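Methodologically, a virtual Cβ is constructed for each residue, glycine included, from the backbone with ideal geometry; neighbour enumeration extends over all protein chains shown. What follows is calculated from the coordinates using simple rules that are stated; it is not laboratory data.
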Amino acid sequence: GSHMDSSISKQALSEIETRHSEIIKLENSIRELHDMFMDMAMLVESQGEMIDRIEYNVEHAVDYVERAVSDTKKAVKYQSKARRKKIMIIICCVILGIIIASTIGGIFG
C-alpha cells in the first residue's frame, strides 16, 4: 500500500516495477550475451588457462565450508547432498550481508 506520494518509500514502490524491467532484462540480455559471446571467447581460448583456475576455486570453498556449514548450522542435517545447495543458500546468504556494504561502499551508490 502507498497511494500516490510515497517519496522515501520508493523502494517498495518501484519494487513491483520489476515486472516492467523483466522484459528489458531479457531483451538487453540477448543483445549483451550475443556480443559478449565473442568477448568471452577471448579469455576462453587464450587466457583460458588462467580463467580456468576460477573453476577449481570451487573445490576450495566446499573444502572449508563443508566444515563450516557443519558448525554454523550447529550440526543437524541429513545426507551430504546439502553441501551442494548450501553453496546457493549459505555461502550466498553470507554475501547478502556484504551487498549492503556495497551500496554504502560508494560503488553502486
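Table for the structure above
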| quantity | calculated |
| --- | --- |
| Flag for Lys10 being under 27 Å from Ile90 (Cα atoms), out of contact with any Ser or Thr (no Cβ under 8 Å at 6 or more places or on another chain), of a type in the set (D, E, K, R) and surrounded by 10 or more Cβ atoms within 10 Å (Cβ to Cβ) | no |
| Output for segment 28-71, where each listed residue is under 27 Å from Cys93 (Cβ atoms), surrounded by 11 or more Cβ atoms within 10 Å (Cβ to Cβ) and over 21 Å from the mean Cα position of the chain (by Cα) | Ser70 |
